[PDB]
Amino acid sequence: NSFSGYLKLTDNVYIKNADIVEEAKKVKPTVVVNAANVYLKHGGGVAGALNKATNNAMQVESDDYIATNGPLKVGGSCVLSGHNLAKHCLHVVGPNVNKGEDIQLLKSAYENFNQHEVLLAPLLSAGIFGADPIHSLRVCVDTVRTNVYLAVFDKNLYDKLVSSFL
Ligand SMILES: O=C(O)[C@@H]1CCC[C@H]1c1ccc2ncsc2c1
């Protein structure tokens, strides 16, 4: 958990313009959050980047979790191995508003972070899930009470977030 170059937005939310995969390799946090779908199929976005950094070990593991426990629900999560990136990976499903999923579930998605004292995470439901990233940051700030280090890859998005917040 040796985080560096973060900007403290609130008492418990910090932000940095960085690739979460690189942050994970440097810090080796206790928990790295994945922006997952209900079947834990890591095909693109941050899920694909995280899976690729474990050389498909996250996917083999996820396929075994799904065969044994069934799919997650939108707003839910599960804790799996973090492999070479972290001690644990917390897979969290935010709503896919581009597929008509309810934005009210984005609060439920963020409540999962509260079971862990410190997490390295991306913005939920942003990118391919189609929700407004600035709105996503607002729900994170209002919902998460534990210590969360948000890593934002796109510098244009990072600058919009820091401008809207501070
Ligand atoms: O922070 C971002 O720009 C987006 C917002 C939601 C998904 C994030 C993302 C997407 C892809 C990716 N690949 C490596 S780190 C990484 C992070």
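Starting from 1, each residue takes its place in the sequence as its number. Counting starts at 1 for both ligands and their atoms, following the listed order.
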Chemist: Scan the protein's non-hydrogen atoms and note whether one is under 4.0 Å from atom 8 (C) of ligand 1.
Modeler: no
Chemist: For a quick check under 3.5 Å, do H42 and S62 share a side-chain donor-acceptor pair by atom type?
Modeler: yes
Chemist: Using a 3.5 Å cut-off on N or O atoms only, is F153 in polar contact with ligand 1?
Modeler: yes
Chemist: Cluster question for you: counting only ILVMFWY and a side-chain heavy-atom cut-off of under 4.5 Å, with indirect links fine, are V118 and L85 together?
Modeler: yes
Chemist: Which of the atoms in ligand 1, numbered in the order shown and given with their element, are less than 4.0 Å from a heavy-atom of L123?
Modeler: 6 (C)
Chemist: How far is atom 5 (C) of ligand 1 from the closest protein heavy atom, and which atom is that?
Modeler: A126 CB, 4.0 Å
Chemist: Among all protein heavy atoms, pick out the one at the shortest distance from atom 14 (C) of ligand 1; state its residue, atom name and that distance to 0.1 Å.
Modeler: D19 OD1, 3.3 Å
Chemist: Does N56 have more than 12 heavy atoms from other residues, nucleotides or ligands lying within 6.0 Å of its CG?
Modeler: yes
Chemist: Suppose I only count heavy atoms of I20 and a 4.0 Å limit; which atoms of ligand 1 are within that range?
Modeler: 15 (S)
Chemist: Classify the ring geometry between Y14 and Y149 as parallel (under 30°), tilted (30 to 60°) or perpendicular (over 60°).
Modeler: parallel
Chemist: Could you check whether any side-chain heavy atom of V93 comes within less than 4.5 Å of a side-chain heavy atom of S77, counting everything from C-beta outward?
Modeler: no
Chemist: For atom 3 (O) of ligand 1, what is the nearest protein heavy atom, given as residue, atom name and distance?
Modeler: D154 N, 3.0 Å
Chemist: Less than 4.0 Å between a side-chain N and a carboxylate O, is that true for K107 and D142?
Modeler: no
Chemist: Starting from atom 10 (C) of ligand 1, what is the nearest protein heavy atom, named by residue and atom, and what distance separates them?
Modeler: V46 N, 3.9 Å
Chemist: From atom 12 (C) of ligand 1, is the closest protein heavy-atom distance below 4.0 Å?
Modeler: yes
Chemist: Between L119 and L7, is there a shared hydrophobic cluster once you connect ILVMFWY residues whose side-chain heavy atoms come closer than 4.5 Å?
Modeler: yes
Chemist: With heavy-atom distances below 4.0 Å as the criterion, list the atoms of ligand 1 near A49.
Modeler: 13 (N), 14 (C)
